[PDB]
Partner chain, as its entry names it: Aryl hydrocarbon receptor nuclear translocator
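Taking the form solved without its partner chain, here's one chain by itself in structure tokens.
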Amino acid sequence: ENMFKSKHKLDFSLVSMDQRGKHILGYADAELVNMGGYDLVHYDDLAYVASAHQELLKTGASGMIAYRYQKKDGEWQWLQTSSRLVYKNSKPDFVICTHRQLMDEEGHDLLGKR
């Protein structure tokens, strides 16, 4: 359903985002090129995304229960992301992420459980 995917480097910087994700967030391709992994992450969620970044690179998978990504209009879009390392050859190559939109009341309910 309203789930979208995005490709990232191992440092979490954006490589690609599907059209559904760009419609939800409101950004064009030129606005997301060479965009850092924490660029649009809410200040209150920097440490949380950072720890899931460490779990991802050490284990190969990670799950972010609820965090905030700033939309182009200024509003905050709560997300629920599942990250995984994709292997080219037999080395970690890039990161694939599967997100899901969350309502404001839903993301704030998960804030105390993440």
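Positions refer to the first chain, counted from 1.
The same protein also exists as the form solved in complex with its partner chain; that form is not shown, yet it is the one meant from here on.
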Report task. Spell out, yes or no, whether the shortest heavy atom distance between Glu105 and its partner chain in the entry with it bound is within 4.5 Å. Result -> no
Query raised in the report: Just to confirm, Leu32 within 4.5 Å of its partner chain in the entry with it bound by heavy atoms?
Result: no
Query raised in the report: Hey, in the entry with it bound, does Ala50 get a heavy atom within 4.5 angstroms of its partner chain?
Result: yes
Query raised in the report: Would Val41 count as a contact of its partner chain in the entry with it bound, using a 4.5 angstroms cut-off between non-hydrogen atoms?
Result: yes
Requested in this report: Can you work out whether its partner chain is within 4.5 angstroms of a heavy atom in all three of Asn2, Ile24 and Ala61 in the entry with it bound?
Outcome: no
